[PDB]
Structure formats: structure tokens, C-alpha cells
Amino acid sequence: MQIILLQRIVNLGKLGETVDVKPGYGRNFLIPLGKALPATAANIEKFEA
Amino acid sequence: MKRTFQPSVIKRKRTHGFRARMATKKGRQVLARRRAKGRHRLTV
Amino acid sequence: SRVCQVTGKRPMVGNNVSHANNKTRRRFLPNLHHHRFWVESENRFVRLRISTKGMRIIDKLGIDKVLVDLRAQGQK
RNA sequence: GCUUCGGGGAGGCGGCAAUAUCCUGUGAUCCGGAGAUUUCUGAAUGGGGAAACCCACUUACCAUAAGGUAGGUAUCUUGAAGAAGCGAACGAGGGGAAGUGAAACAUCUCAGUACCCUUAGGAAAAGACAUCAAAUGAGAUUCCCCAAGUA
RNA sequence: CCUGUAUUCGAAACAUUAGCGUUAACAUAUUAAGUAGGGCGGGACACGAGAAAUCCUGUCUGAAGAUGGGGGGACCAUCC
RNA sequence: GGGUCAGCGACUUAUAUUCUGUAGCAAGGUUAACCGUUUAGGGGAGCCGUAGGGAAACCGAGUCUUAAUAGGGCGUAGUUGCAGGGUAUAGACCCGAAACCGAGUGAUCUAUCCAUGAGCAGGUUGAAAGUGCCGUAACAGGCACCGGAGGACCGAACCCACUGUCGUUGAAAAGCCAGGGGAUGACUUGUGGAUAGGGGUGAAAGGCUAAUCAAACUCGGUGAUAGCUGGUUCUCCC
RNA sequence: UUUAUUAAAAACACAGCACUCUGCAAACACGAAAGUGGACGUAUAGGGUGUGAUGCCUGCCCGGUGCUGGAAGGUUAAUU
RNA sequence: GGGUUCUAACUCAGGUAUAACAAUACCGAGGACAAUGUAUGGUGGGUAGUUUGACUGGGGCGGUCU
């Protein structure tokens, strides 16, 4: 899963950087608890703006 | 000799009733077969 | 029933085939699992009985797209 | 059995099955089109039930008594309109045997047949090439005769 | 001889069929990704795994996307 | 095997193929589906024959094998209709299984269970407990009274079925008579309900599950199959 | 208690004994699943098996087949 | 290349609220285990379909089958 970081978290990357995570990690923790967003054009534009 | 048959209208009506036949989908098929054959007495 | 909503997968029929080539009727059941999908557009968890391919479709297309597809399909 | 609109012109009130009272040129009986009435059970649908039964609620009106008249009150789907149930064969789809044959029998056959389930229409399905062909190429689908009991 | 046959024929009313006109219900894609293909297990193809092409999918996967892709009965190249 | 008589009763139909007879054409014969104001006429796709050899390529009155050109193997009047004999696929000359499979109907009989009611004349026997007295250091123990337990006893109703006779085309598809067992309990019985077939239930006999049980009944597959039994109808000639 | 309808018995059952399983969403059973009985019970409880009041008792054998425990070594599927 | 820990998937036939079942929300208890889908080895008369030859001074047993 390609995902944009919404905050610093260890061993993955910086704020706003796009990482690849395991689908379970991305789907069950980060996105539901508001630490990242799915990697789409409409979300990268939202974050950059 | 209590013989095989011993009539009781209440049990007969519950077991072979028109309403009991309608309740189950299969029994409606039996009733429809009686109607198709042309039998005058559909149910007891 | 044991049917995947997103993709409509349902039990398949087939044959158990022995080494002597004896055939017996068998079923192939979908990998159905209960999963609570987080939906931001409604700020809530929606529980679906979904297949693994269904979860992959959630991953690829988005819970919003799949949910609107189900609502168009009917039961919601 | 009633009303109306047409036909018809001398008998008629269905049959076993006649009798009696009667009707009929003021057009009867009879035939065709339309309309009205259409008890109760039955999808039955106000609730229930051992079908042709029991018990109701409510709106309006009437009666003054212990009621009558005309309605409304099932469930589901869609956003007030639909659906339910029944009934030949054919179509499409979801499941799907065994007797039998092989001179036994398990691969195989029977056969995707019998049967169960779902669901339409006068048909259904399919249908236009991400199809064949390798001939000078043809040009959707469906059905018939060959190819051929051949590969 | 009677009812008939050949022949010519009637409709107040209603149904049905076709043509035309009009209405209100629905539909009206814009070129196609969890798709083609692939591993495992099955099914259908006259074809019983067979050297087995082609189609469907329960499971796990998964492109190119016209400078591309499918088929032409394993498979490769050329060709159509 | 047949009581007798009368009626019904068993080699068929469709297609494919081989041989024979007959008819038309004849190195040619014939069309199928279809069109058709439809038995005519059209429709030449297709089929058989006319050439065979070899697995095949390939060759061809030849060809295969072989180094061989030797040797050897195989080779050097039909067709379309009609009729008949046979064969192949279909039920296939007729009748006849015990069986297997699918879907339904059955617990009004019977097996167990659930809920709710009812029944057990009459007469006996006398457990625990209890009371009182004696007695014990207290215990214990003894006697009398009282008490009414028991899958307790005798014995009707009720339930059952151990013996014998009768009956055996019975009064009865399981009985009658004379005796017999239990008879306050693991009892009997009324009503309603629940368990359904490779399933149920079973104090267990493979017992019962509607006079049917080592796998109920009805319909369907089904005209199951039967190298087996039975039958197979007019006449004469070789 | 039993073979309704040729067998009522030494057969079945029985109280009692023993082994074994089950820590509860128990084991076990019906069912495709849900849902049930077990049980609105809890190791003095429940299931299965054998024996069958009571008195005295219940000897030897783990080689075979089961069951319990162990993995040092050999062999071993898909998959890769 | 194995373990330990965590929770956020998943489970509860645990408590509270929701009239009751269920679901849901929170808490609590587990927890990448359990369980289920596909594939796969073992076991499996619990259940099915079947086989288990012939000659023979009847059959079986013995003997024989070229």
C-alpha cells in the first residue's frame, strides 16, 4: 500500500513522504487512526495544498 | 383388538387439513395435483 | 447466505477426484470474513461479510466506491 | 336469473322428465356485444383457525337500544404505484442420481437424462467478430441436408 | 322432401391486428483493471492430463493498455 | 400347464448396412434439405461406381519391401427406386424378479419422550421415627405402647400372556374355555403433541415404525435387467 | 423388560463395582450452518465401555493390535 | 535464521445501555494465536460402490489349470 505520512513514525519516513507499507498496517492502524492517507492524486493534492 | 385405525376428527384435521397443506409449500403441490387430476375431495 | 456482496462470489460445485479417478460431488466455498471497514465519509465502521478478493477491491477502489456500488446493487 | 344494444319471427319457461300456473305479434323462448348483481371458503389481505368458521377495531350516517347501511384496517418492494396466488408444453438458469451396458466391475456408459428448485415470452436463448480461414479468402446469430459415423 | 352446398352477403356494441399521431414510465455506454495472463484444485469443450491448444472459476496472484493486446490446437519465429 | 366357453394375447416401427429378386437408366446412376398455385417441375451440394499399392510422402496398371531392375505380398457393371432374408442402435417376440436411485406421505397401530387428567374392590404384615419406664458416670442396652415404610404379602377391576383342549376354508388374518402372573408401582390408561427411512425408536428380539421391515408406503427413472422358466396363433410342397 | 402374530428364558434391565474422557463455549450427540440437548448442570457433576446384589476374592504375560507419553535418529505432501 | 512483547485485524456461547433475541456503543478478557476458505500428508468399515475364478461321478476340502 502506497501511503502519504501525516506524522513522523519510526522506521517508515518523514512527514508527507510517500511510503509503501503492508496492507494490514496501512488499513487497520494508520489510516483509521489518522496517521496517513491512501496514495491517490486527490489526497496528495490535498496534503500539498 | 385395537385395530390399526381409530378415528379422531381433531387429529385428522390437524394432520390432513387444508390449512396445514397450505402452510407447507410442498403440500400446495399435493393440492394442485388433486386439482389437476380432478378429484372432488381435495382434503378430508 | 454464504455470498460475497462486493463481487457476488458464492459456493461453486465440482468434483473430488481420487487417484483411481473416482468422482464425488464437492463444493468450493469463498474465503468470506467479517471485517469492519473504516469509512471517513461517514466517520464510522461498517461491518461487511466480504471475501479476500473483496478486501483487495476495497484496497484498490476505495470503501466509498464499493459502498456506493452496494447501495446501487440494493441491500445496504 | 336483471338492464341495454343488435339479429329473428312463433313458439317458450335448461336435461333426466313430465305436470301445473302461465308468458308470447305491446315481438316471447333463443343467439351475439356491453352493463348491473355477484353469499362464504380459497393468494384471502382486519386478528385467529380444524377451508367454506370464531372474534374484532375504526371512519361517516342512521336507530335507541343491545343494531343496520357504505367504507378503511395483511405483508414486501419502490418511491402513491406495483407484487403475492393459479395454470399445458416449449425457453433460460441453480443442483443433480441410480437401474443399465462393458457379458463381472471401480475409469467409462447410462447422462447432464429422470427428479428438485428459480424465473420469463409468445417464443426464449444467441447475435455482429479481440470469429473462422490459409482457398481466387469469408464476413453476426439461429434452424435443415451433406461433410460423416469421417478426423 | 327438410337442413344444407355453390354464389352473393349484413354489425348498434365490444375485442384483436396493422398504419399514423400524441402522452407518460424507463433507458440513453463512449471504448472499458483486480480485467487479460499465470500457480493450485475442478468443470466444459467430440477431447477421459494427454504433447493439450481454447473457455468458466473456488484460492493466491496479476499486466500491457495501440510503439499495445487476443487468436490461428504444446511451444518459438514470420505471416494473416 | 390347462375346470369349460366367448372375447383379448406375443417377431413390430424408425433409421443405417449387406445379399437376393424385380423395374428404369447404364460407364454412368441419383438427388437430400429446400423452392414449388406442393405427388409435377426446379434444386448437382452431396453419395456409389469407374484403380490399385504403401503407414505415409509418393507413384499409378502398377505399387510395397530391398542395395537389387532378383525374389515375394497386394492388384491388373454399376446405380437409384420397390419387395424380401440377415445384421446394428433403439424396450426390439410377449409376460415375469428379488433389487438400486430421486421426490414426497405416514408416530390415529406400534417404540420412546413431552404436557395435562384419570384409575387401582377388599383383607393383611408391621421398618424407621416417636412416647413412656427401667437402666448408664454419660454412652449403650432392654421392655411396653405408638407409628405406618415397603419397585411388601393374599386377592377383584385393570394390564399381561406361563400350561393344556378347542378352533385352523375359525365366532376371530392370533380368538374362546379352564387354569396362570402383576395388581401403590420401573404400574395402567384418556387427550394433545415431538422424533421419518440407511432415518427414527428400541430395559436389545434385528424388535417396532399403519394386518408390510436385515432398510416402510406412494409416485417417478421404468417397458430397470434376467446367458433363466413359460408361451409363441392358417395351410400344402421340397 | 423382551422376539405385537410358534421362543418369556439362564436372554435384556437392574441397584452395586471398575477403567477411561471431560476445567465448561466441557467431552459427547442432532444439524449443511445457525441453533440445540448435555444443562439454566460444573469433577461428590456429565459421557463412553465392561461387569452385574451380597460373602471370599480377582493369579501370571505389554511379545501382537490399541491407548498414553517422548523425539535422539531415518523416511516423508503440497509449496518453493 | 526462533523466541518475547504490543494492539489495531479477528474472537467472546463475559459486564453495562439499548423492553426481549440479535446487532450496535463502551468496558473487560484473549490476540496475530484461535477460527474459517483453497491446497496438501496422515488416520478413517463411521459411511458407500464393488470383487471374492473354473474343473469336480452333488457341492465344500484336497488336487489341477501352460
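Taken together, the values in this text are just the output of simple stated rules run on the coordinates, not laboratory data. With ideal geometry, Cβ positions are generated from the backbone for all residues, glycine too; neighbour counts draw on all protein chains shown.
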Q: Would you mention how many residues in region A:20-32 are of a type in the set (A, V, I, L, M, F, W, C), within 16 Å of C:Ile63 (Cα to Cα) and outside any helix (DSSP H, G or I)?
A: 1
Q: Would you point out the residue of region B:30-44, among those that are surrounded by fewer than 11 Cβ atoms within 10 Å (Cβ to Cβ) and under 12 Å from the mean Cα position of the chain (by Cα), that is farthest from RNA strand E (Cβ to nearest atom)?
A: B:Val44
Q | Out of C:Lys76, C:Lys65, C:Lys9, sole residue that is out of contact with any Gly (no Cβ under 7 Å at 6 or more places or on another chain) and surrounded by 14 or more Cβ atoms within 10 Å (Cβ to Cβ) | A | C:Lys9
Q.
Checking the conditions here, which among C:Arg47, C:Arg56 is free of Cβ contacts under 8 Å to residues at least 60 places away in the same chain, among the charged types (D, E, K, R) and more than 21 Å from A:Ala42 (Cβ to Cβ)?
A. C:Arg47
Q. Checking A:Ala49 against (1) within 16 Å of RNA strand E (Cβ to nearest atom); (2) over 16 Å from C:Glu40 (Cα atoms), which test does it fail?
A. (1)
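Conditions (1) more than 19 Å from A:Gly26 (Cβ to Cβ); (2) touching a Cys at 6+ places or on another chain (Cβ under 6 Å), marked per residue:
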position: C:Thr7; (1), (2): yes, no
position: C:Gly14; (1), (2): yes, no
position: C:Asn21; (1), (2): yes, no
position: C:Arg27; (1), (2): yes, no
position: C:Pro30; (1), (2): yes, yes
position: C:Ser51; (1), (2): yes, yes
position: C:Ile57; (1), (2): no, no
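Restricting attention to region A:1-19, which residues are in a strand (DSSP E or B) and within 13 Å of chain C (Cβ to nearest Cβ)?
First, the residues of region A:1-19 that are in a strand (DSSP E or B): A:2-5, A:9, A:13, A:18-19.
Correct list: A:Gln2, A:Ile3.
Name the residues in region A:3-33 that are of a type in the set (A, V, I, L, M) and either under 22 Å from C:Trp38 (Cα atoms) or in contact with a strand residue (DSSP E or B) (Cβ under 7 Å, 6 or more places away or on another chain) (or both), would you?
So in region A:3-33, the residues of a type in the set (A, V, I, L, M) come out as A:3-6, A:9-10, A:12, A:15, A:19, A:21, A:30-31, A:33.
Correct list: A:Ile3, A:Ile4, A:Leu5, A:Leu6, A:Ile9, A:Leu12, A:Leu15, A:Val19, A:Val21, A:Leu30, A:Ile31, A:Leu33.
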Q: Give the number of residues within region C:27-44 that are surrounded by 12 or more Cβ atoms within 10 Å (Cβ to Cβ) and near RNA strand H (Cβ under 10 Å from one of its atoms).
A: 8
Q. Within region C:48-76, restricting attention to residues that are of a type in the set (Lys, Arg) and within 14 Å of chain A (Cβ to nearest Cβ), which residue is nearest to the chain's Cα centre (by Cα)?
A. C:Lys53
Q. Does C:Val39 qualify as being in contact with a strand residue (DSSP E or B) (Cβ under 8 Å, 6 or more places away or on another chain) and within 11 Å of RNA strand D (Cβ to nearest atom)?
A. no
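Return the residues of region A:25-41 that are facing chain C (nearest Cβ under 10 Å) and either within 16 Å of RNA strand D (Cβ to nearest atom) or surrounded by fewer than 14 Cβ atoms within 10 Å (Cβ to Cβ) (or both); say none if nothing qualifies.
Taking region A:25-41 first, the residues facing chain C (nearest Cβ under 10 Å) are A:26-28, A:31-34, A:37-38, A:40.
Result: A:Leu33, A:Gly34, A:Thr40.
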